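Everything below belongs to final25.pdb, which stores PDB, C-alpha atoms (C1' of nucleotides).
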MODEL        1
ATOM      1  CA  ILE A   1    -125.907 -95.731 -37.312  1.00  0.00           C
ATOM      2  CA  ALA A   2    -125.338 -92.166 -38.445  1.00  0.00           C
ATOM      3  CA  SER A   3    -123.334 -90.147 -41.006  1.00  0.00           C
ATOM      4  CA  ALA A   4    -124.183 -87.987 -43.980  1.00  0.00           C
ATOM      5  CA  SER A   5    -124.237 -89.960 -47.310  1.00  0.00           C
ATOM      6  CA  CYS A   6    -123.050 -93.280 -46.416  1.00  0.00           C
ATOM      7  CA  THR A   7    -125.155 -96.277 -45.864  1.00  0.00           C
ATOM      8  CA  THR A   8    -127.825 -98.500 -47.385  1.00  0.00           C
ATOM      9  CA  UNK A   9    -130.356 -99.385 -44.908  1.00  0.00           C
ATOM     10  CA  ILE A  10    -131.129 -96.893 -42.127  1.00  0.00           C
ATOM     11  CA  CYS A  11    -131.390 -93.578 -43.566  1.00  0.00           C
ATOM     12  CA  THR A  12    -128.551 -91.242 -44.158  1.00  0.00           C
ATOM     13  CA  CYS A  13    -126.595 -91.060 -47.263  1.00  0.00           C
ATOM     14  CA  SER A  14    -125.665 -87.903 -48.535  1.00  0.00           C
ATOM     15  CA  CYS A  15    -126.837 -84.582 -49.418  1.00  0.00           C
ATOM     16  CA  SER A  16    -124.352 -81.755 -49.973  1.00  0.00           C
ATOM     17  CA  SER A  17    -120.851 -80.841 -50.665  1.00  0.00           C
TER      18      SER A  17
ATOM     19  CA  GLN B   8    -129.001 -94.295 -64.535  1.00  0.00           C
ATOM     20  CA  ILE B   9    -129.712 -96.195 -61.313  1.00  0.00           C
ATOM     21  CA  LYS B  10    -130.820 -99.788 -60.751  1.00  0.00           C
ATOM     22  CA  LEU B  11    -132.352-101.603 -57.791  1.00  0.00           C
ATOM     23  CA  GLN B  12    -134.579-104.523 -56.815  1.00  0.00           C
ATOM     24  CA  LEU B  13    -137.875-103.268 -55.387  1.00  0.00           C
ATOM     25  CA  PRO B  14    -140.681-105.584 -54.179  1.00  0.00           C
ATOM     26  CA  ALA B  15    -143.853-105.854 -56.272  1.00  0.00           C
ATOM     27  CA  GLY B  16    -146.513-103.549 -54.837  1.00  0.00           C
ATOM     28  CA  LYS B  17    -144.474-101.367 -52.474  1.00  0.00           C
ATOM     29  CA  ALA B  18    -142.176 -98.315 -52.577  1.00  0.00           C
ATOM     30  CA  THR B  19    -141.323 -94.939 -50.970  1.00  0.00           C
ATOM     31  CA  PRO B  20    -139.381 -95.997 -47.846  1.00  0.00           C
ATOM     32  CA  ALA B  21    -136.295 -93.933 -47.043  1.00  0.00           C
ATOM     33  CA  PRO B  22    -133.887 -96.777 -46.188  1.00  0.00           C
ATOM     34  CA  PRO B  23    -134.854 -99.031 -49.171  1.00  0.00           C
ATOM     35  CA  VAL B  24    -135.613 -96.516 -51.961  1.00  0.00           C
ATOM     36  CA  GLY B  25    -135.555 -92.796 -51.147  1.00  0.00           C
ATOM     37  CA  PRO B  26    -131.880 -91.937 -50.381  1.00  0.00           C
ATOM     38  CA  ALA B  27    -130.656 -94.228 -53.177  1.00  0.00           C
ATOM     39  CA  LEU B  28    -131.899 -92.629 -56.400  1.00  0.00           C
ATOM     40  CA  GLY B  29    -133.312 -89.764 -54.366  1.00  0.00           C
ATOM     41  CA  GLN B  30    -129.751 -88.440 -54.403  1.00  0.00           C
ATOM     42  CA  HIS B  31    -129.384 -88.584 -58.192  1.00  0.00           C
ATOM     43  CA  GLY B  32    -132.266 -86.207 -58.875  1.00  0.00           C
ATOM     44  CA  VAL B  33    -135.223 -88.591 -58.978  1.00  0.00           C
ATOM     45  CA  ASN B  34    -138.537 -87.553 -57.405  1.00  0.00           C
ATOM     46  CA  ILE B  35    -139.445 -90.537 -55.201  1.00  0.00           C
ATOM     47  CA  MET B  36    -143.251 -90.057 -54.994  1.00  0.00           C
ATOM     48  CA  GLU B  37    -143.640 -90.214 -58.791  1.00  0.00           C
ATOM     49  CA  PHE B  38    -141.660 -93.472 -58.988  1.00  0.00           C
ATOM     50  CA  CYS B  39    -143.333 -95.182 -56.008  1.00  0.00           C
ATOM     51  CA  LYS B  40    -146.826 -94.805 -57.471  1.00  0.00           C
ATOM     52  CA  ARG B  41    -145.529 -95.381 -61.013  1.00  0.00           C
ATOM     53  CA  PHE B  42    -143.475 -98.466 -60.138  1.00  0.00           C
ATOM     54  CA  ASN B  43    -146.226 -99.914 -57.956  1.00  0.00           C
ATOM     55  CA  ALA B  44    -148.572 -99.271 -60.871  1.00  0.00           C
ATOM     56  CA  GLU B  45    -147.402-101.875 -63.393  1.00  0.00           C
ATOM     57  CA  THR B  46    -145.834-104.006 -60.661  1.00  0.00           C
ATOM     58  CA  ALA B  47    -149.473-104.868 -59.939  1.00  0.00           C
ATOM     59  CA  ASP B  48    -149.679-107.448 -62.729  1.00  0.00           C
ATOM     60  CA  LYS B  49    -146.887-109.277 -60.882  1.00  0.00           C
ATOM     61  CA  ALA B  50    -147.260-108.813 -57.117  1.00  0.00           C
ATOM     62  CA  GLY B  51    -145.552-110.498 -54.185  1.00  0.00           C
ATOM     63  CA  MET B  52    -142.287-111.024 -56.046  1.00  0.00           C
ATOM     64  CA  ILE B  53    -139.123-108.942 -55.857  1.00  0.00           C
ATOM     65  CA  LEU B  54    -138.524-107.439 -59.298  1.00  0.00           C
ATOM     66  CA  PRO B  55    -135.432-105.461 -60.441  1.00  0.00           C
ATOM     67  CA  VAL B  56    -136.054-102.152 -62.213  1.00  0.00           C
ATOM     68  CA  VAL B  57    -133.578 -99.955 -64.080  1.00  0.00           C
ATOM     69  CA  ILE B  58    -134.362 -96.298 -63.446  1.00  0.00           C
ATOM     70  CA  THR B  59    -132.934 -93.734 -65.871  1.00  0.00           C
ATOM     71  CA  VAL B  60    -132.769 -90.042 -64.941  1.00  0.00           C
ATOM     72  CA  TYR B  61    -132.420 -87.367 -67.638  1.00  0.00           C
ATOM     73  CA  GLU B  62    -130.589 -84.068 -67.079  1.00  0.00           C
ATOM     74  CA  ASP B  63    -133.976 -82.494 -66.289  1.00  0.00           C
ATOM     75  CA  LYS B  64    -134.452 -84.780 -63.246  1.00  0.00           C
ATOM     76  CA  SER B  65    -137.247 -86.583 -65.117  1.00  0.00           C
ATOM     77  CA  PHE B  66    -137.044 -90.359 -65.490  1.00  0.00           C
ATOM     78  CA  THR B  67    -138.206 -93.669 -66.963  1.00  0.00           C
ATOM     79  CA  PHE B  68    -137.544 -97.241 -65.893  1.00  0.00           C
ATOM     80  CA  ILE B  69    -137.691-100.747 -67.283  1.00  0.00           C
ATOM     81  CA  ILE B  70    -139.071-103.563 -65.142  1.00  0.00           C
ATOM     82  CA  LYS B  71    -137.356-106.935 -65.553  1.00  0.00           C
ATOM     83  CA  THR B  72    -137.995-110.474 -64.363  1.00  0.00           C
ATOM     84  CA  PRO B  73    -137.119-111.257 -60.714  1.00  0.00           C
ATOM     85  CA  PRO B  74    -133.554-112.428 -59.935  1.00  0.00           C
ATOM     86  CA  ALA B  75    -132.665-116.083 -60.405  1.00  0.00           C
ATOM     87  CA  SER B  76    -131.596-116.420 -56.791  1.00  0.00           C
ATOM     88  CA  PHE B  77    -135.006-115.034 -55.780  1.00  0.00           C
ATOM     89  CA  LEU B  78    -137.102-117.303 -57.972  1.00  0.00           C
ATOM     90  CA  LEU B  79    -134.898-120.194 -56.803  1.00  0.00           C
ATOM     91  CA  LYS B  80    -135.436-119.346 -53.138  1.00  0.00           C
ATOM     92  CA  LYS B  81    -139.169-119.279 -53.789  1.00  0.00           C
ATOM     93  CA  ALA B  82    -139.097-122.559 -55.705  1.00  0.00           C
ATOM     94  CA  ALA B  83    -137.124-124.353 -52.988  1.00  0.00           C
ATOM     95  CA  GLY B  84    -139.550-122.848 -50.503  1.00  0.00           C
ATOM     96  CA  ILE B  85    -136.643-121.425 -48.518  1.00  0.00           C
ATOM     97  CA  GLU B  86    -135.947-117.892 -47.260  1.00  0.00           C
ATOM     98  CA  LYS B  87    -132.175-117.684 -47.672  1.00  0.00           C
ATOM     99  CA  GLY B  88    -129.395-119.320 -49.633  1.00  0.00           C
ATOM    100  CA  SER B  89    -126.832-121.563 -47.994  1.00  0.00           C
ATOM    101  CA  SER B  90    -124.245-119.647 -45.992  1.00  0.00           C
ATOM    102  CA  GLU B  91    -121.762-122.048 -47.551  1.00  0.00           C
ATOM    103  CA  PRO B  92    -122.935-123.117 -51.047  1.00  0.00           C
ATOM    104  CA  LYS B  93    -122.115-126.693 -52.040  1.00  0.00           C
ATOM    105  CA  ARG B  94    -120.738-127.346 -48.553  1.00  0.00           C
ATOM    106  CA  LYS B  95    -124.256-127.117 -47.114  1.00  0.00           C
ATOM    107  CA  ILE B  96    -127.421-127.666 -49.104  1.00  0.00           C
ATOM    108  CA  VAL B  97    -130.335-125.691 -47.688  1.00  0.00           C
ATOM    109  CA  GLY B  98    -132.929-126.664 -50.251  1.00  0.00           C
ATOM    110  CA  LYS B  99    -133.724-128.329 -53.548  1.00  0.00           C
ATOM    111  CA  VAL B 100    -135.761-128.007 -56.723  1.00  0.00           C
ATOM    112  CA  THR B 101    -136.881-130.355 -59.464  1.00  0.00           C
ATOM    113  CA  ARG B 102    -135.470-130.224 -62.984  1.00  0.00           C
ATOM    114  CA  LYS B 103    -138.914-129.114 -64.111  1.00  0.00           C
ATOM    115  CA  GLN B 104    -138.692-126.183 -61.699  1.00  0.00           C
ATOM    116  CA  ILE B 105    -135.400-125.122 -63.255  1.00  0.00           C
ATOM    117  CA  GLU B 106    -137.302-125.248 -66.540  1.00  0.00           C
ATOM    118  CA  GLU B 107    -140.017-122.972 -65.133  1.00  0.00           C
ATOM    119  CA  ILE B 108    -137.592-120.380 -63.824  1.00  0.00           C
ATOM    120  CA  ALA B 109    -135.501-120.489 -66.987  1.00  0.00           C
ATOM    121  CA  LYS B 110    -138.728-119.916 -68.902  1.00  0.00           C
ATOM    122  CA  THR B 111    -139.761-117.088 -66.586  1.00  0.00           C
ATOM    123  CA  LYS B 112    -136.427-115.296 -66.873  1.00  0.00           C
ATOM    124  CA  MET B 113    -136.054-116.017 -70.600  1.00  0.00           C
ATOM    125  CA  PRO B 114    -136.773-112.419 -71.667  1.00  0.00           C
ATOM    126  CA  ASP B 115    -133.736-111.405 -69.612  1.00  0.00           C
ATOM    127  CA  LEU B 116    -131.626-114.449 -70.505  1.00  0.00           C
ATOM    128  CA  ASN B 117    -129.378-114.642 -73.562  1.00  0.00           C
ATOM    129  CA  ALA B 118    -129.646-118.398 -74.122  1.00  0.00           C
ATOM    130  CA  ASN B 119    -130.530-119.602 -77.614  1.00  0.00           C
ATOM    131  CA  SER B 120    -132.245-122.710 -76.254  1.00  0.00           C
ATOM    132  CA  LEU B 121    -134.363-123.685 -73.257  1.00  0.00           C
ATOM    133  CA  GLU B 122    -131.543-126.079 -72.418  1.00  0.00           C
ATOM    134  CA  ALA B 123    -128.979-123.286 -72.275  1.00  0.00           C
ATOM    135  CA  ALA B 124    -131.437-121.251 -70.197  1.00  0.00           C
ATOM    136  CA  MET B 125    -131.770-124.025 -67.635  1.00  0.00           C
ATOM    137  CA  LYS B 126    -128.007-124.424 -67.557  1.00  0.00           C
ATOM    138  CA  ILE B 127    -127.835-120.742 -66.653  1.00  0.00           C
ATOM    139  CA  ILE B 128    -130.396-121.050 -63.866  1.00  0.00           C
ATOM    140  CA  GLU B 129    -128.658-124.162 -62.536  1.00  0.00           C
ATOM    141  CA  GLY B 130    -125.474-122.176 -62.263  1.00  0.00           C
ATOM    142  CA  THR B 131    -127.220-119.814 -59.865  1.00  0.00           C
ATOM    143  CA  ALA B 132    -128.823-122.605 -57.841  1.00  0.00           C
ATOM    144  CA  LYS B 133    -125.409-124.225 -57.498  1.00  0.00           C
ATOM    145  CA  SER B 134    -124.209-120.940 -56.036  1.00  0.00           C
ATOM    146  CA  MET B 135    -126.830-120.752 -53.287  1.00  0.00           C
ATOM    147  CA  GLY B 136    -126.821-124.289 -51.935  1.00  0.00           C
ATOM    148  CA  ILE B 137    -129.948-125.355 -53.799  1.00  0.00           C
ATOM    149  CA  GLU B 138    -129.874-128.823 -55.349  1.00  0.00           C
ATOM    150  CA  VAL B 139    -131.714-130.131 -58.404  1.00  0.00           C
ATOM    151  CA  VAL B 140    -133.672-133.403 -58.458  1.00  0.00           C
TER     152      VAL B 140
ATOM    153  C1'   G C   1     -97.231-101.038 -78.740  1.00  0.00           C
ATOM    154  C1'   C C   2    -101.853 -98.693 -80.694  1.00  0.00           C
ATOM    155  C1'   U C   3    -107.132 -98.724 -81.239  1.00  0.00           C
ATOM    156  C1'   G C   4    -111.750-101.157 -80.139  1.00  0.00           C
ATOM    157  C1'   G C   5    -114.299-104.860 -77.366  1.00  0.00           C
ATOM    158  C1'   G C   6    -114.187-106.846 -72.383  1.00  0.00           C
ATOM    159  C1'   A C   7    -120.882-109.074 -72.817  1.00  0.00           C
ATOM    160  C1'   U C   8    -125.868-111.982 -70.197  1.00  0.00           C
ATOM    161  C1'   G C   9    -128.229-114.692 -65.526  1.00  0.00           C
ATOM    162  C1'   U C  10    -126.056-111.284 -61.684  1.00  0.00           C
ATOM    163  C1'   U C  11    -125.877-106.629 -57.141  1.00  0.00           C
ATOM    164  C1'   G C  12    -123.848-115.149 -57.497  1.00  0.00           C
ATOM    165  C1'   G C  13    -125.030-117.232 -51.990  1.00  0.00           C
ATOM    166  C1'   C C  14    -123.879-115.577 -47.007  1.00  0.00           C
ATOM    167  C1'   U C  15    -122.608-111.648 -44.108  1.00  0.00           C
ATOM    168  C1'   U C  16    -123.355-106.535 -43.323  1.00  0.00           C
ATOM    169  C1'   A C  17    -125.719-100.186 -42.111  1.00  0.00           C
ATOM    170  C1'   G C  18    -123.672-101.266 -46.991  1.00  0.00           C
ATOM    171  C1'   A C  19    -120.789-105.537 -49.081  1.00  0.00           C
ATOM    172  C1'   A C  20    -122.897-104.629 -56.407  1.00  0.00           C
ATOM    173  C1'   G C  21    -115.663-108.637 -59.555  1.00  0.00           C
ATOM    174  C1'   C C  22    -112.336-106.117 -55.626  1.00  0.00           C
ATOM    175  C1'   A C  23    -113.642-105.962 -46.069  1.00  0.00           C
ATOM    176  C1'   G C  24    -114.797-111.173 -44.924  1.00  0.00           C
ATOM    177  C1'   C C  25    -116.809-116.521 -45.578  1.00  0.00           C
ATOM    178  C1'   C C  26    -118.773-120.117 -49.296  1.00  0.00           C
ATOM    179  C1'   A C  27    -119.223-121.201 -54.375  1.00  0.00           C
ATOM    180  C1'   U C  28    -116.700-120.089 -58.948  1.00  0.00           C
ATOM    181  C1'   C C  29    -121.330-122.393 -62.624  1.00  0.00           C
ATOM    182  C1'   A C  30    -123.891-121.362 -66.997  1.00  0.00           C
ATOM    183  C1'   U C  31    -124.967-118.416 -71.311  1.00  0.00           C
ATOM    184  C1'   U C  32    -123.746-115.363 -75.796  1.00  0.00           C
ATOM    185  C1'   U C  33    -119.051-115.450 -77.827  1.00  0.00           C
ATOM    186  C1'   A C  34    -113.822-113.573 -81.869  1.00  0.00           C
ATOM    187  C1'   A C  35    -113.186-112.902 -76.642  1.00  0.00           C
ATOM    188  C1'   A C  36    -114.362-111.557 -71.704  1.00  0.00           C
ATOM    189  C1'   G C  37    -112.509-114.201 -64.385  1.00  0.00           C
ATOM    190  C1'   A C  38    -118.805-114.865 -60.490  1.00  0.00           C
ATOM    191  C1'   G C  39    -112.647-111.102 -61.698  1.00  0.00           C
ATOM    192  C1'   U C  40    -105.561-108.260 -61.202  1.00  0.00           C
ATOM    193  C1'   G C  41    -104.996-103.784 -58.836  1.00  0.00           C
ATOM    194  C1'   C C  42    -106.763 -98.549 -57.938  1.00  0.00           C
ATOM    195  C1'   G C  43    -111.167 -96.524 -56.423  1.00  0.00           C
ATOM    196  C1'   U C  44    -116.693 -95.549 -53.888  1.00  0.00           C
ATOM    197  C1'   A C  45    -120.235 -95.248 -48.074  1.00  0.00           C
ATOM    198  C1'   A C  46    -122.139 -98.691 -51.211  1.00  0.00           C
ATOM    199  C1'   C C  47    -122.650 -97.883 -56.507  1.00  0.00           C
ATOM    200  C1'   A C  48    -119.915 -95.235 -60.323  1.00  0.00           C
ATOM    201  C1'   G C  49    -115.228 -94.764 -62.576  1.00  0.00           C
ATOM    202  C1'   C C  50    -110.031 -96.357 -64.012  1.00  0.00           C
ATOM    203  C1'   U C  51    -107.121-100.971 -64.755  1.00  0.00           C
ATOM    204  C1'   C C  52    -105.792-106.204 -65.673  1.00  0.00           C
ATOM    205  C1'   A C  53    -107.088-111.138 -67.668  1.00  0.00           C
ATOM    206  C1'   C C  54    -109.133-112.448 -72.424  1.00  0.00           C
ATOM    207  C1'   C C  55    -110.410-111.350 -77.887  1.00  0.00           C
ATOM    208  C1'   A C  56    -110.051-108.516 -82.462  1.00  0.00           C
ATOM    209  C1'   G C  57    -107.869-105.085 -86.084  1.00  0.00           C
ATOM    210  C1'   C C  58    -103.249-102.593 -87.343  1.00  0.00           C
TER     211        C C  58
ENDMDL
END

Go ahead and express the file in the form of structure tokens.
Amino acid sequence: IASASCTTXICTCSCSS
Amino acid sequence: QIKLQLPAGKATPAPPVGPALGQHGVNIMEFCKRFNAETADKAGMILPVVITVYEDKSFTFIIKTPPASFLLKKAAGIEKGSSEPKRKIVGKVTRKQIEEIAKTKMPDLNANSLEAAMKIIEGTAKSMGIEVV
RNA sequence: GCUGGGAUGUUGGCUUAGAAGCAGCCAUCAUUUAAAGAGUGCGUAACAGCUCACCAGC
């Protein structure tokens, strides 16, 4: 339901490092 | 090089598209309008496209024929495949229908004969609880 | 042992946020093949990537 970089269907995913 | 199955005339959503290739360098907006451009000829169906992104973030993409499972679902008039293929049949299609799908997907199939093509399609139907009659 | 290949439907169906050979359940066909599992293990969030089966040359 939340994270950064890490799912397929709601909206987060990734985006730095 | 990314690949996904986007519906005919539709694109841009974050959950479905965006994040996906949007994290490889691709510029969503350009693809959405572009994809939805030629995906006009064939609308309503879910078609798989293979996006390719060059070092300069630019990109191209080939549009293929819709998945077998998809066409099959459509043909059997169902919305989902059996939850337990073979153990529970959730739909069925005529041998002629297999012929239609095999013909439709031919450009993406490697069969040397319409017979081999149908045998391929049948393999998919057998995997989603769809029978042939 | 070494090198190369290990392909197509297809990310199989379901499930799931995702579930793409590899969390889990069901199925495990077909094609093109010299050969290549609806995949042995590692791996990824899922992909990717590595590896094994299998085949070929030496």

All residues 9 Å or closer to residue 2 (chain A), all atoms listed in the file, same chain fewer than 2 positions away omitted, as a PyMOL selection string:
(chain A and resi 4+6-7+10-13) or (chain C and resi 17)

Return the neighbours of chain B among the residues of chain C, cut-off 8 Å, counting all atoms listed in the file, as JSON, numbers by chain.
{"C": [8, 9, 10, 12, 13, 14, 25, 26, 27, 29, 30, 31, 32]}

Between B:30, B:14, B:46, B:19, which one has atoms that come closest to chain A, using all atoms listed in the file?
B:30

Mind telling me what the PyMOL selection byres ((chain C and resi 37-44) around 9) catches here, as number ranges by chain?
C: 10, 12, 21-22, 27-29, 36, 45-54

What residues come out when you apply the PyMOL selection byres ((chain B) within 10 of (chain A)) to this file, written as JSON, numbers by chain?
{"B": [20, 21, 22, 23, 24, 25, 26, 27, 29, 30, 31]}

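CA of residue 47 (chain B) lies 6.0 Å from CA of residue 16 (chain B).
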
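What separates CA of residue 99 (chain B) from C1' of residue 15 (chain C) is a distance of 22.2 Å.
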
Evaluate the PyMOL selection byres ((chain B and resi 52-66) around 9) and report residues as a ChimeraX atom specification:
/B:8-16,28,31-34,38,42,46,49-51,67-74,77-78

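From CA of residue 79 (chain B) back to CA of residue 45 (chain B), the distance works out to 23.1 Å.
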
Padding 5 Å on every side, please: axis-aligned box over the listed atoms of region 10-15 of chain A, centre and edge lengths to one decimal in Å, as AutoDock Vina command-line options.
--center_x -128.5 --center_y -90.7 --center_z -45.8 --size_x 15.7 --size_y 22.3 --size_z 17.3

Mind rebuilding region 114-125 of chain B with N, CA and C atoms and writing that out as a tab-separated table (two decimals), in the frame of the given file?
chain	number	residue	atom	x	y	z
B	114	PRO	N	-136.90	-113.75	-71.06
B	114	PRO	CA	-136.77	-112.42	-71.67
B	114	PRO	C	-135.47	-111.73	-71.28
B	115	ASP	N	-134.97	-112.02	-70.08
B	115	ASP	CA	-133.74	-111.40	-69.61
B	115	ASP	C	-132.51	-112.30	-69.79
B	116	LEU	N	-132.72	-113.51	-70.28
B	116	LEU	CA	-131.63	-114.45	-70.50
B	116	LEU	C	-131.16	-114.34	-71.95
B	117	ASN	N	-129.91	-114.71	-72.21
B	117	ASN	CA	-129.38	-114.64	-73.56
B	117	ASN	C	-129.13	-116.03	-74.16
B	118	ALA	N	-129.81	-117.04	-73.63
B	118	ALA	CA	-129.65	-118.40	-74.12
B	118	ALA	C	-130.44	-118.59	-75.41
B	119	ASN	N	-129.87	-119.35	-76.34
B	119	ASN	CA	-130.53	-119.60	-77.61
B	119	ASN	C	-131.43	-120.83	-77.56
B	120	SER	N	-131.43	-121.51	-76.42
B	120	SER	CA	-132.24	-122.71	-76.25
B	120	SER	C	-132.69	-122.86	-74.81
B	121	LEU	N	-133.85	-123.48	-74.60
B	121	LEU	CA	-134.36	-123.68	-73.26
B	121	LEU	C	-133.34	-124.45	-72.43
B	122	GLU	N	-132.56	-125.29	-73.10
B	122	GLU	CA	-131.54	-126.08	-72.42
B	122	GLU	C	-130.47	-125.16	-71.86
B	123	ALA	N	-130.00	-124.23	-72.69
B	123	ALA	CA	-128.98	-123.29	-72.28
B	123	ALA	C	-129.52	-122.42	-71.14
B	124	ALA	N	-130.80	-122.08	-71.22
B	124	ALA	CA	-131.44	-121.25	-70.20
B	124	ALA	C	-131.41	-121.95	-68.85
B	125	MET	N	-131.75	-123.23	-68.86
B	125	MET	CA	-131.77	-124.02	-67.64
B	125	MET	C	-130.36	-124.17	-67.08
